[PDB]
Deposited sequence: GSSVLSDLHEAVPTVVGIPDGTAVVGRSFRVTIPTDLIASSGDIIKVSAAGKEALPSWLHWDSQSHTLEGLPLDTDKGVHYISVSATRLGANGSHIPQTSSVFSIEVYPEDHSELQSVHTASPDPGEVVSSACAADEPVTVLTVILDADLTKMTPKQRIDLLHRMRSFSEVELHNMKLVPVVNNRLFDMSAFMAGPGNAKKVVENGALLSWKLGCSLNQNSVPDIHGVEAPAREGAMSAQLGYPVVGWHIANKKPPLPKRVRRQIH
């Protein structure tokens, strides 16, 4: 009397970390081999990573990852001959929504702190994207899922609307660039912004770059209407 396990569908947002624990104990008997992939494929989608030890599927989507991703969770057993005998399979989907999909009053501007990095997210694995977000937490002091990580667009390494900003350690920018940002508050000004010494000083001195693993081009604080 086989048992079947349904897994609920999930949602993700371009530029925001994604994490879901997968109930592998319900799916795998002791001695089974768990595989997690794009449905019908061997690999996961390019934005996702499977952490076997923690039973966690995690990722950081790009704009090119928008749409629905079907994910297969399978259990197999080795035959005496080494063949992979399939045992059971459960499929769910994750829909990746555009960057703007994700408090401040309606239309009230959001004050955002952005760190500009000499990096190319399209050349980073999903684990590398997530690890960078983790390493920024010492400086942002926010939870992993409350930072945003997207590419530079139009090759613009600066924001002329910023009312506070400062330099990083980089002198030459080699890659397209990445923007790692988080919210400070609603419609703030220089005098309501919180203490940012813990961002500005390690950015300029190179301590932030040494911890993140990428050169820091600069940082800025600007008010944005969504």
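- Absence of C-alpha coordinates is noted for several segments of the deposited sequence, namely 1-11, 114-131, 256-266.
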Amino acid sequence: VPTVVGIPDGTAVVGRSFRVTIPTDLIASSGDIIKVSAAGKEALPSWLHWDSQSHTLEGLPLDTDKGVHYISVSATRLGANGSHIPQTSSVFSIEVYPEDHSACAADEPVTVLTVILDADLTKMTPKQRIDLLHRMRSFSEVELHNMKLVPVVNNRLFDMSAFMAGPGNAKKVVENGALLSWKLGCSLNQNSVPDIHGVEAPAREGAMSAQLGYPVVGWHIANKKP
From here on, numbers count along this sequence of modelled residues.
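- Between the stretches 112-120 and 87-95, it is 87-95 that shows the larger average CA temperature factor.
- Checked against the record, the higher mean CA B factor of 3-11 and 217-225 lies with 3-11.
- Taking the PDB entry at face value, the top CA B factor among 37, 187, 181, 161 belongs to 187.
- Among 201, 170, 28, 62, the highest C-alpha B-factor in the deposited entry belongs to 28.
- Annotation for residue 81: CA B-factor lies in the highest third of the chain's modelled residues.
- When all modelled residues of the chain are sorted by CA temperature factor, residue 24 is found within the highest third.
- Ranked by C-alpha B-factor against the other modelled residues of its chain, residue 67 falls in the middle third.
- Per the deposited record, the Cα B-factor of residue 165 falls in the lowest third when ranked against the other modelled residues of its chain.
- Among all modelled residues in its chain, residue 156 ranks in the highest third by Cα B-factor.
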